[PDB]
Amino acid sequence: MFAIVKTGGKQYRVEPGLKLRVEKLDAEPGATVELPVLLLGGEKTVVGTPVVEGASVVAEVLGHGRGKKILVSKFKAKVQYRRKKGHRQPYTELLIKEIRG
Amino acid sequence: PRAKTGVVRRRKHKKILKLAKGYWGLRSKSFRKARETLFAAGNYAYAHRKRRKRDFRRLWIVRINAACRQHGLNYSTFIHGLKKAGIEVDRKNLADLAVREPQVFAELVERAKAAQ
Amino acid sequence: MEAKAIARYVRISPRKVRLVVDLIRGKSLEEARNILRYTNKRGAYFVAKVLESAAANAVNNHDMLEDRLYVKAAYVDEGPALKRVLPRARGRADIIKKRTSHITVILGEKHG
Amino acid sequence: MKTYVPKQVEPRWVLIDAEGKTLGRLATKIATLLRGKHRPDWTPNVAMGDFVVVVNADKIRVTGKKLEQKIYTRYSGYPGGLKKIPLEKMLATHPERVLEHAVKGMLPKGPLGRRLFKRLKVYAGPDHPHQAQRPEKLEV
Amino acid sequence: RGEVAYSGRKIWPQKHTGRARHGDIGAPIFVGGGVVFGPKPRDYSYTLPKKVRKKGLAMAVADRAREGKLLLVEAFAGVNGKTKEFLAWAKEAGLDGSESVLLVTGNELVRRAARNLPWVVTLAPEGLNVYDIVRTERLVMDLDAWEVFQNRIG
Amino acid sequence: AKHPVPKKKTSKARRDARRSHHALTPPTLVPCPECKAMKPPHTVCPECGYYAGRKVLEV
RNA sequence: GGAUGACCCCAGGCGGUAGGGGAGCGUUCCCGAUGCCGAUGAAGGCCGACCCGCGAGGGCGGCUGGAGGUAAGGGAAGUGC
RNA sequence: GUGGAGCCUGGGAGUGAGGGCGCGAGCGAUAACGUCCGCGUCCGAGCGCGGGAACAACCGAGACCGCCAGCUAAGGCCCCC
RNA sequence: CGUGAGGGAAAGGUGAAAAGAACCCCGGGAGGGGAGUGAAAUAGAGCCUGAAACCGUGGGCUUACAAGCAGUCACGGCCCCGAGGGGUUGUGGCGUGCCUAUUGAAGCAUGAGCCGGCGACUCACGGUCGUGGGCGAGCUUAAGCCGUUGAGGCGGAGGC
Ligand SMILES: NC(=[NH2+])NCCC[C@H](N)C(=O)O
Ligand SMILES: [Mg+2]
Ligand SMILES: [Mg+2]
Ligand SMILES: [Mg+2]
Ligand SMILES: [Mg+2]
Ligand SMILES: [Mg+2]
Ligand SMILES: [Mg+2]
Ligand SMILES: [Mg+2]
Ligand SMILES: [Mg+2]
Ligand SMILES: [Mg+2]
Ligand SMILES: [Mg+2]
Ligand SMILES: [Mg+2]
Ligand SMILES: [Mg+2]
Ligand SMILES: [Mg+2]
Ligand SMILES: [Mg+2]
Ligand SMILES: [Mg+2]
Ligand SMILES: [Mg+2]
Ligand SMILES: [Mg+2]
Ligand SMILES: [Mg+2]
Ligand SMILES: [Mg+2]
Ligand SMILES: [Mg+2]
Ligand SMILES: [Mg+2]
Ligand SMILES: [Mg+2]
Ligand SMILES: [Mg+2]
Ligand SMILES: [Mg+2]
Ligand SMILES: [Mg+2]
Ligand SMILES: [Mg+2]
Ligand SMILES: [Mg+2]
Ligand SMILES: [Mg+2]
Ligand SMILES: [Mg+2]
Ligand SMILES: [Mg+2]
Ligand SMILES: [Mg+2]
Ligand SMILES: [Mg+2]
Ligand SMILES: [Mg+2]
Ligand SMILES: [Mg+2]
Ligand SMILES: [Mg+2]
Ligand SMILES: [Mg+2]
Ligand SMILES: [Mg+2]
Ligand SMILES: [Mg+2]
Ligand SMILES: [Mg+2]
Ligand SMILES: [Mg+2]
Ligand SMILES: [Mg+2]
Ligand SMILES: [Mg+2]
Ligand SMILES: [Mg+2]
Ligand SMILES: [Mg+2]
Ligand SMILES: [Mg+2]
Ligand SMILES: [Mg+2]
Ligand SMILES: [Mg+2]
Ligand SMILES: [Mg+2]
Ligand SMILES: [Mg+2]
Ligand SMILES: [Mg+2]
Ligand SMILES: [Mg+2]
Ligand SMILES: [Mg+2]
Ligand SMILES: [Mg+2]
Ligand SMILES: [Mg+2]
Ligand SMILES: [Mg+2]
Ligand SMILES: [Mg+2]
Ligand SMILES: [Mg+2]
Ligand SMILES: [Mg+2]
Ligand SMILES: [Mg+2]
Ligand SMILES: [Mg+2]
Ligand SMILES: [Mg+2]
Ligand SMILES: [Mg+2]
Ligand SMILES: [Mg+2]
Ligand SMILES: [Mg+2]
Ligand SMILES: [Mg+2]
Ligand SMILES: [Mg+2]
Ligand SMILES: [Mg+2]
Ligand SMILES: [Mg+2]
Ligand SMILES: [Mg+2]
Ligand SMILES: [Mg+2]
Ligand SMILES: [Mg+2]
Ligand SMILES: [Mg+2]
Ligand SMILES: [Mg+2]
Ligand SMILES: [Mg+2]
Ligand SMILES: [Mg+2]
Ligand SMILES: [Mg+2]
Ligand SMILES: [Mg+2]
Ligand SMILES: [Mg+2]
Ligand SMILES: [Mg+2]
Ligand SMILES: [Mg+2]
Ligand SMILES: [Mg+2]
Ligand SMILES: [Mg+2]
Ligand SMILES: [Mg+2]
Ligand SMILES: [Mg+2]
Ligand SMILES: [Mg+2]
Ligand SMILES: [Mg+2]
Ligand SMILES: [Mg+2]
Ligand SMILES: [Mg+2]
Ligand SMILES: [Mg+2]
Ligand SMILES: [Mg+2]
Ligand SMILES: [Mg+2]
Ligand SMILES: [Mg+2]
Ligand SMILES: [Mg+2]
Ligand SMILES: [Mg+2]
Ligand SMILES: [Mg+2]
Ligand SMILES: [Mg+2]
Ligand SMILES: [Mg+2]
Ligand SMILES: [Mg+2]
Ligand SMILES: [Mg+2]
Ligand SMILES: [Mg+2]
Ligand SMILES: [Mg+2]
Ligand SMILES: [Mg+2]
Ligand SMILES: [Mg+2]
Ligand SMILES: [Mg+2]
Ligand SMILES: [Mg+2]
Ligand SMILES: [Mg+2]
Ligand SMILES: [Mg+2]
Ligand SMILES: [Mg+2]
Ligand SMILES: [Mg+2]
Ligand SMILES: [Mg+2]
Ligand SMILES: [Mg+2]
Ligand SMILES: [Mg+2]
Ligand SMILES: [Mg+2]
Ligand SMILES: [Mg+2]
Ligand SMILES: [Mg+2]
Ligand SMILES: [Mg+2]
Ligand SMILES: [Mg+2]
Ligand SMILES: [Mg+2]
Ligand SMILES: [Mg+2]
Ligand SMILES: [Mg+2]
Ligand SMILES: [Mg+2]
Ligand SMILES: [Mg+2]
Ligand SMILES: [Mg+2]
Ligand SMILES: [Mg+2]
Ligand SMILES: [Mg+2]
Ligand SMILES: [Mg+2]
Ligand SMILES: [Mg+2]
Ligand SMILES: [Mg+2]
Ligand SMILES: [Mg+2]
Ligand SMILES: [Mg+2]
Ligand SMILES: [Mg+2]
Ligand SMILES: [Mg+2]
Ligand SMILES: [Mg+2]
Ligand SMILES: [Mg+2]
Ligand SMILES: [Mg+2]
Ligand SMILES: [Mg+2]
Ligand SMILES: [Mg+2]
Ligand SMILES: [Mg+2]
Ligand SMILES: [Mg+2]
Ligand SMILES: [Mg+2]
Ligand SMILES: [Mg+2]
Ligand SMILES: [Mg+2]
Ligand SMILES: [Mg+2]
Ligand SMILES: [Mg+2]
Ligand SMILES: [Mg+2]
Ligand SMILES: [Mg+2]
Ligand SMILES: [Mg+2]
Ligand SMILES: [Mg+2]
Ligand SMILES: [Mg+2]
Ligand SMILES: [Mg+2]
Ligand SMILES: [Mg+2]
Ligand SMILES: [Mg+2]
Ligand SMILES: [Mg+2]
Ligand SMILES: [Mg+2]
Ligand SMILES: [Mg+2]
Ligand SMILES: [Mg+2]
Ligand SMILES: [Mg+2]
Ligand SMILES: [Mg+2]
Ligand SMILES: [Mg+2]
Ligand SMILES: [Mg+2]
Ligand SMILES: [Mg+2]
Ligand SMILES: [Mg+2]
Ligand SMILES: [Mg+2]
Ligand SMILES: [Mg+2]
Ligand SMILES: [Mg+2]
Ligand SMILES: [Mg+2]
Ligand SMILES: [Mg+2]
Ligand SMILES: [Mg+2]
Ligand SMILES: [Mg+2]
Ligand SMILES: [Mg+2]
Ligand SMILES: [Mg+2]
Ligand SMILES: [Mg+2]
Ligand SMILES: [Mg+2]
Ligand SMILES: [Mg+2]
Ligand SMILES: [Mg+2]
Ligand SMILES: [Mg+2]
Ligand SMILES: [Mg+2]
Ligand SMILES: [Mg+2]
Ligand SMILES: [Mg+2]
Ligand SMILES: [Mg+2]
Ligand SMILES: [Mg+2]
Ligand SMILES: [Mg+2]
Ligand SMILES: [Mg+2]
Ligand SMILES: [Mg+2]
Ligand SMILES: [Mg+2]
Ligand SMILES: [Zn+2]
């Protein structure tokens with residue numbers, strides 16, 4: 001069984017036992033959360049229009065982090081314009097527990 | 001009191017030269033050419049972070065198109081059908097289904113054909 | 001067990017000697033001797049001296065067998081240049097660099 | 001999740017009969033086959049389309065007065081070295097080159113594109129020497 | 001560039017040498033040339049207002065008074081010039097050297113005995129000043145110095 | 001003429017590529033049949049003075 | 001909101017040359033310092049894929065080095081190529 | 001009409017070589033990538049982004065940062081694409 | 001250097017102590033290899049530290065059908081350190097150096113071979129406005145004098 005869930009304005013195919021980084025969520029580490037399901041597949045196939053009324057994926061919050069730093073660098077020629085920015089994207093790491101059909 | 005340069009410029013130049021590791025010739029060896037290369041590289045990375053989102057959408061769409069044509073419709077009919085059926089699986093996941101779950105993608109083609 | 005010798009501040013241009021050193025790198029002592037004897041370059045005299053010095057060091061100081069010796073590594077480094085004036089036409093003076101070489105030879109033993 | 005990238009695949013050998021088909025509208029389909037964009041796992045940076053065998057290339061068709069008025073051109077690098085060969089003459093002398101040229105211009109430039117072009121095998125007359133590959137006959 | 005030792009000669013012609021143009025070698029662009037806007041001998045003093053100084057003096061003593069760190073004394077018992085004597089007096093006075101002390105007395109003999117101690121700063125009353133007060137954790141004056149202090153802040 | 005001059009400094013890569021033809025070839029040497037010393041062919045042996053199987057030279 | 005930048009919530013602004021304003025980093029030196037860190041290793045050098053910081057930077061670790069360095073908070077400039 | 005609106009006082013400027021395009025005229029030849037004014041615009045300073053094969057000023061659109069998510073603009077949807 | 005008046009450099013550091021390497025070995029010598037000294041000898045006198053350009057030896061990855069402001073985004077291969085990361089780059093996408101000057105520059109307009117070090121908005125007095133304090137119909141001293149020896153005070157002439 002696999003599900004396509006939606007969190008952080010993005011969609012991911014998840015199965016039980018998957019670890020996944022998503023956009024940060026207000027959930028204590030160790031809390032468990034329920035993600036909405038767009039489509040079920042594997043054994044049976046259920047198609048959301050757009051979301052499946054019963055379905056949910058249960059995920060355990062493993063913790064929150066900050067991604068590896070990206071250098072945002074800006075430069076315009078002949079105008080003495082330079083900008084240096086450090087960006088670290090917050091994230092939440094999830095452990096997918098079960099797909100509740 | 002006097003405040004000579006001392007250690008300050010060497011340290012500043014070494015930060016730049018370390019970022020330029022791997023560049024060709026004086027672009028990784030000379031502080032001046034390294035910094036000019038880094039200027040371009042920073043603008044490129046910013047521009048290509050943006051451009052990467054488009055590149056991957058093109059690839060999804062091309063793959064989605066080919067999976068569609070195995071079932072006798074084209075991409076643009078398939079997308080319209082999903083819109084009318086209310087399905088909102090995105091192109092990243094449609095392209096993954098097209099390759100990894102051909103049965104599921106076929107049922108999606110079914111829904112799209114039926115919606116019009 | 002390695003043995004080495006260095007001739008430092010030899011008054012010859014590095015690029016010239018390196019040509020000769022490249023001839024013997026990785027060669028048995030005896031084959032390097034025959035090569036150096038019939039190399040028509042000034043550098044051969046100098047590489048031959050450093051080579052023989054390393055061989056003597058191997059036998060007399062480091063308990064290695066002469067029959068077992070090969071040129072394990074060898075390289076020429078550049079030393080301080082002697083700067084000299086070269087007068088040209090119309091009152092110009094150029095600087096000639098009479099370059100200088102540190103010649104290293106390292107011998108090891110070819111077991112069996 | 002990262003996008004699927006295929007491990008290397010056995011290519012598909014394919015056979016197309018050129019007789020009666022319009023030169024340009026046949027070429028775009030061959031180009032698509034060579035790029036492998038009919039395949040759901042298409043990847044832009046590896047050679048993974050079909051091998052395309054074409055027979056009866058001398059029987060390709062063309063509209064208007066192109067037989068007389070379409071000119072192929074070659075530059076030798078020498079003064080006056082521009083050669084102009086009309087389509088008629090090319091068909092009379094190296095007919096397989098009409099389709100090859102039409103297809104090559106529709107493939108990407110660069111190392112991968114030149115590689116894809118080698119996977120196209122064009123033959124005048126009804127026969128090809130690739131039985132060992134057992135090409136699958138295609139209707140396009 | 002005017003005070004350096006070199007001549008005012010133009011080192012080479014303006015034009016047609018192929019080098020950058022130059023005048024004399026004392027110009028600050030040259031190694032060994034003059035300094036642009038270097039320090040010159042300078043008077044850093046200024047007349048702080050008298051009322052600010054006077055009122056400053058009172059506040060520095062008042063701050064010590066409010067912490068309980070101000071102690072007045074009538075006399076220094078057996079302090080006749082020797083460090084060991086001022087030490088013995090300080091012990092009973094509660095000054096064990098765990099806190100720095102500003103000792104303000106006109107008794108020259110008492111200043112001589114205390115002054116070598118690392119934790120003591122010694123002043124005659126006419127020298128009371130807020131830097132020295134704020135420098136030290138404790139303030140000790142005899143009643144005579146306490147009085148010339150009062151005359152000053154009035 | 002008008003004094004040609006290099007337009008750009010030659011790169012380390014292009015300098016050393018031009019030198020890809022500069023390595024020496026070892027001397028051609030054969031053993032002397034009389035004394036087994038290595039020496040150039042078609043020359044009188046410098047170690048024993050023999051050539052064509054006979055003494056030609058004090059050495 | 002709470003009550004005075006404690007931090008949170010909602011909303012909106014945030015392309016930029018000449019140029020105006022604001023907040024910071026670092027360098028030399030002084031007070032702090034008759035202190036404190038230092039041969040169980042100062043400064044400087046060479047690394048690092050680690051930590052903090054938007055950034056200038058600051059830590060920490062290994063190697064080198066072998067005798068100096070200097071905090072919170074302030075002060076002054078021969079202060080950053 | 002609450003807007004990086006307006007008005008008053010005062011501190012600090014920079015600018016006083018503009019340029020393309022549209023429209024209205026003069027000059028020119030109902031010439032000029034011409035020239036000189038007016039209204040507007042953009043570039044200047046948005047040589048950042050999409051389209052126009054490429055291309056400051058034509059069309060689209062005002063780039064705080066990140067995303068392997070979605071909708072559109074001009075322009076496109078035979079292949080290169 | 002200049003006939004001359006005159007111009008006018010560069011160049012500091014072994015170690016606590018010379019204990020400055022007897023003697024042997026290759027070499028004509030230079031230089032080195034051992035021995036030995038030293039806490040340390042890439043502190044060995046061409047000596048503290050010992051950056052960078054620049055030169056070389058060894059190793060990993062890579063390269064002889066390929067179009068390039070040299071990077072960047074992606075994926076894959078190999079090597080390395082142990083659902084991760086570092087090195088390398090085959091292919092695919094995108095992509096007109098920096099500075100200056102200009103209406104406008106990748107520009108075939110200026111400057112720069114590369115590296116390291118030196119290198120340009122200050123100071124005094126007066127002015128004007130803002131600002132942190134002191135005192136307020138008042139505010140403030142100057143030169144000096146006394147004290148101190150990194151102690152402050154006195155001094156009202158005068159100024160606003
Ligand atoms: N009574 C004194 N002023 N004592 C000061 C202590 C020592 C001071 N440096 C001096 O020269 O006197
Ligand atoms: Mg969400
Ligand atoms: Mg799993
Ligand atoms: Mg993320
Ligand atoms: Mg940068
Ligand atoms: Mg530029
Ligand atoms: Mg540019
Ligand atoms: Mg600039
Ligand atoms: Mg400009
Ligand atoms: Mg710039
Ligand atoms: Mg100093
Ligand atoms: Mg400086
Ligand atoms: Mg310095
Ligand atoms: Mg420096
Ligand atoms: Mg710098
Ligand atoms: Mg450094
Ligand atoms: Mg720095
Ligand atoms: Mg590289
Ligand atoms: Mg190079
Ligand atoms: Mg190179
Ligand atoms: Mg280098
Ligand atoms: Mg971006
Ligand atoms: Mg972009
Ligand atoms: Mg987009
Ligand atoms: Mg169809
Ligand atoms: Mg739609
Ligand atoms: Mg949709
Ligand atoms: Mg020869
Ligand atoms: Mg021997
Ligand atoms: Mg001369
Ligand atoms: Mg001359
Ligand atoms: Mg002459
Ligand atoms: Mg020379
Ligand atoms: Mg087809
Ligand atoms: Mg693509
Ligand atoms: Mg036709
Ligand atoms: Mg033929
Ligand atoms: Mg083409
Ligand atoms: Mg192209
Ligand atoms: Mg002068
Ligand atoms: Mg003078
Ligand atoms: Mg003078
Ligand atoms: Mg003089
Ligand atoms: Mg003079
Ligand atoms: Mg003069
Ligand atoms: Mg004069
Ligand atoms: Mg003069
Ligand atoms: Mg001139
Ligand atoms: Mg000249
Ligand atoms: Mg020149
Ligand atoms: Mg010059
Ligand atoms: Mg010059
Ligand atoms: Mg001149
Ligand atoms: Mg001058
Ligand atoms: Mg002068
Ligand atoms: Mg002078
Ligand atoms: Mg000088
Ligand atoms: Mg000087
Ligand atoms: Mg001097
Ligand atoms: Mg001097
Ligand atoms: Mg100066
Ligand atoms: Mg000056
Ligand atoms: Mg000056
Ligand atoms: Mg003075
Ligand atoms: Mg001042
Ligand atoms: Mg004064
Ligand atoms: Mg008064
Ligand atoms: Mg004392
Ligand atoms: Mg003292
Ligand atoms: Mg004290
Ligand atoms: Mg004192
Ligand atoms: Mg001539
Ligand atoms: Mg001529
Ligand atoms: Mg010529
Ligand atoms: Mg001539
Ligand atoms: Mg010439
Ligand atoms: Mg030239
Ligand atoms: Mg090389
Ligand atoms: Mg070359
Ligand atoms: Mg003999
Ligand atoms: Mg907010
Ligand atoms: Mg801004
Ligand atoms: Mg402000
Ligand atoms: Mg600071
Ligand atoms: Mg700070
Ligand atoms: Mg600094
Ligand atoms: Mg000082
Ligand atoms: Mg002190
Ligand atoms: Mg100290
Ligand atoms: Mg200690
Ligand atoms: Mg010790
Ligand atoms: Mg250590
Ligand atoms: Mg320091
Ligand atoms: Mg220091
Ligand atoms: Mg650091
Ligand atoms: Mg250190
Ligand atoms: Mg050590
Ligand atoms: Mg000391
Ligand atoms: Mg300090
Ligand atoms: Mg501080
Ligand atoms: Mg202070
Ligand atoms: Mg000063
Ligand atoms: Mg300066
Ligand atoms: Mg505004
Ligand atoms: Mg305004
Ligand atoms: Mg100002
Ligand atoms: Mg003005
Ligand atoms: Mg102006
Ligand atoms: Mg004017
Ligand atoms: Mg004007
Ligand atoms: Mg003009
Ligand atoms: Mg005008
Ligand atoms: Mg205007
Ligand atoms: Mg134009
Ligand atoms: Mg117009
Ligand atoms: Mg119109
Ligand atoms: Mg008009
Ligand atoms: Mg008119
Ligand atoms: Mg006409
Ligand atoms: Mg015009
Ligand atoms: Mg016109
Ligand atoms: Mg006109
Ligand atoms: Mg206009
Ligand atoms: Mg301008
Ligand atoms: Mg625009
Ligand atoms: Mg604008
Ligand atoms: Mg620009
Ligand atoms: Mg562009
Ligand atoms: Mg455009
Ligand atoms: Mg375009
Ligand atoms: Mg285009
Ligand atoms: Mg534009
Ligand atoms: Mg904006
Ligand atoms: Mg759409
Ligand atoms: Mg449209
Ligand atoms: Mg088109
Ligand atoms: Mg297409
Ligand atoms: Mg003369
Ligand atoms: Mg003379
Ligand atoms: Mg003179
Ligand atoms: Mg000197
Ligand atoms: Mg000495
Ligand atoms: Mg010493
Ligand atoms: Mg010795
Ligand atoms: Mg001897
Ligand atoms: Mg001898
Ligand atoms: Mg001998
Ligand atoms: Mg000797
Ligand atoms: Mg030796
Ligand atoms: Mg020992
Ligand atoms: Mg020890
Ligand atoms: Mg060392
Ligand atoms: Mg040392
Ligand atoms: Mg020392
Ligand atoms: Mg040293
Ligand atoms: Mg050295
Ligand atoms: Mg190598
Ligand atoms: Mg080819
Ligand atoms: Mg190849
Ligand atoms: Mg690329
Ligand atoms: Mg891709
Ligand atoms: Mg990897
Ligand atoms: Mg990679
Ligand atoms: Mg370019
Ligand atoms: Mg351009
Ligand atoms: Mg720059
Ligand atoms: Mg310039
Ligand atoms: Mg100009
Ligand atoms: Mg101009
Ligand atoms: Mg112009
Ligand atoms: Mg160019
Ligand atoms: Mg050029
Ligand atoms: Mg010119
Ligand atoms: Mg240029
Ligand atoms: Mg000019
Ligand atoms: Mg030059
Ligand atoms: Mg260089
Ligand atoms: Mg520099
Ligand atoms: Mg100023
Ligand atoms: Mg000054
Ligand atoms: Mg001033
Ligand atoms: Mg002022
Ligand atoms: Mg004021
Ligand atoms: Mg007052
Ligand atoms: Mg008041
Ligand atoms: Mg007056
Ligand atoms: Zn012989």
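Proteins come first, then strands; the chains are lettered A, B, ... in the order of their sequence lines, and each starts at number 1.
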Kindly confirm whether the side-chain ring of C:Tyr9 is stacked on the base of I:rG46, judged by centres under 5.5 Å and planes under 30°.
yes
Where does I:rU148 land, syn or anti, given syn is within 90° of 0?
syn
Which nucleotide in G:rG44, I:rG134, G:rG78 has an atom nearest any side-chain atom of B:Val7
G:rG44
Should G:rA67 be called syn or anti, with syn set as within 90° of 0?
anti
Applying the 3.5 Å rule to both hydrogen-bond distances, is there a Watson-Crick or wobble pair between H:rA13 and H:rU72?
no
Is it true that I:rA120 and I:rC121 stack, with six-membered ring centres under 5.5 angstrom apart and planes under 30°?
no
Selection from I:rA66, I:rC94, H:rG66 that lies nearest to any side-chain heavy atom of B:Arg51:
I:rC94
By nearest atom, which of the nucleotides I:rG134, I:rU141, I:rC99 is closest to the A:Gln80 side chain?
I:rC99
Consecutive bases I:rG38, I:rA39 stacked per 5.5 Å and 30° rule
no
Remember a base hit wins even if backbone is also touched, and classify B:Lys4 as base, sugar-phosphate or nothing at under 4.0 Å, heavy atoms.
sugar-phosphate
For C:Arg8 and for C:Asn60, find the nucleotide of RNA chain I with the closest heavy atom, then tell me which residue's nucleotide is more 5'.
C:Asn60
Classify the nucleic acid contact of A:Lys84 as base, sugar-phosphate or nothing, counting any heavy atom under 4.0 Å across all strands shown.
sugar-phosphate
Measure from the side-chain heavy atoms of D:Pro108 and tell me the nearest of I:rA66, H:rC80, I:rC75.
H:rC80
First of A:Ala77 and A:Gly8 reached from the 5' end of RNA chain H, by closest nucleotide:
A:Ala77
Is any side-chain N or O of B:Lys14 closer than 4.0 Å to OP1 or OP2 of G:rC46?
yes
Report yes if a side-chain nitrogen or oxygen of B:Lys29 is closer than 4.0 Å to either non-bridging phosphate oxygen (OP1 or OP2) of I:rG113; otherwise report no.
no
Planes under 30° and centres closer than 5.5 Å, is that true for C:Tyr75 with the base of I:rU57?
no
Check the distance between I:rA52's P and B:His13's NE2 and give it to me in whole angstrom.
14 Å
Judged by whether its glycosidic angle lies within 90° of 0, G:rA71 is anti
Where does H:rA45 fall, syn or anti, if syn means a chi angle no more than 90° from 0?
anti
On RNA chain I, more 5' by nearest nucleotide between B:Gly6 and D:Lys7 is D:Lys7
Can you list the steps and then say if B:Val89 with A:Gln11 is a side chain to side chain contact (heavy atoms under 4.5 Å, CB included)?
CA-CA 8 Å; B:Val89 178; A:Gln11 295 172 27; 4.1 Å; yes
Watson-Crick or G-U wobble, both distances under 3.5 Å: is that what H:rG52 and H:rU35 have going on?
no
Can you name the nearest heavy-atom pair linking E:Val130 to E:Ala60, along with the distance?
CB-CB, 3.9 Å
Side chain to side chain contact (heavy atoms under 4.5 Å, CB included) between E:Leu103 and E:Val121: does it pass, once the steps are laid out?
CA-CA 6 Å; E:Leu103 181 63; E:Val121 174; over 6 Å; no
Using a 5.5 Å cut-off between ring centres and planes within 30 degrees, is B:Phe56 stacked on the base of H:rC68?
yes
Does B:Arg57 have a side-chain nitrogen or oxygen under 4.0 Å from the phosphate oxygens OP1 or OP2 of H:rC71?
yes
Atom-pair distance (NZ on A:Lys69; P on G:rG57), nearest Å:
12 Å
Step by step, work out the side chain to side chain contact (heavy atoms under 4.5 Å, CB included) result for B:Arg49 and A:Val72.
CA-CA 10 Å; B:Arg49 257 172 258 141; A:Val72 191; 4.2 Å; yes
Rounded to the nearest angstrom, tell me the gap between atom CG in B:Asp96 and atom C1' in H:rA69.
15 Å
Between C:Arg11 and C:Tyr9: side-chain donor-acceptor atoms closer than 3.5 Å
no
Just how far, in rounded Å, is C1' of I:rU141 from CG of E:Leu48?
13 Å
Using ring centroids (six-membered ring only for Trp), state whether C:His102 and C:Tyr75 fall under 6.0 Å.
no
Here the distance between atom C1' of I:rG93 and atom CZ of B:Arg54, to the nearest Å, is 11 Å
Among G:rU17, H:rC79, H:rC81, which nucleotide has an atom closest to any side-chain atom of A:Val79?
G:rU17
Between I:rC94, I:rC98, I:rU140, spot the one nearest the side chain of E:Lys51, thanks.
I:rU140
G:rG5 sugar pucker (north/south) via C1'-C2'-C3'-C4':
south
What nucleic acid atoms does C:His102 come within less than 4.0 Å of, heavy atoms only: base, sugar-phosphate, or nothing?
nothing
Heavy-atom side-chain contact between C:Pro80 and C:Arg99 under 4.5 Å:
no
Adjacent bases G:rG78, G:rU79 meet stacking criteria of 5.5 Å and 30°:
no
What I want to find out is whether C:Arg25 reaches C:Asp22 closely enough, with some N-O distance under 4.0 Å, to be called a salt bridge.
yes
Interatomic distance where NZ belongs to B:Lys50 and P belongs to I:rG93 [whole Å]:
23 Å
Nearest to side-chain heavy atoms of B:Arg27, which nucleotide of I:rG71, H:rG70, I:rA142:
I:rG71
Which base, if any, makes a Watson-Crick or G-U wobble pair with I:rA137, both distances under 3.5 Å?
none
Phosphate contact (I:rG6 OP1 or OP2) by E:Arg9 side-chain N/O below 4.0 Å
no
So what does E:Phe30 touch, heavy atoms closer than 4.0 Å: a base, only the sugar-phosphate, or nothing?
nothing
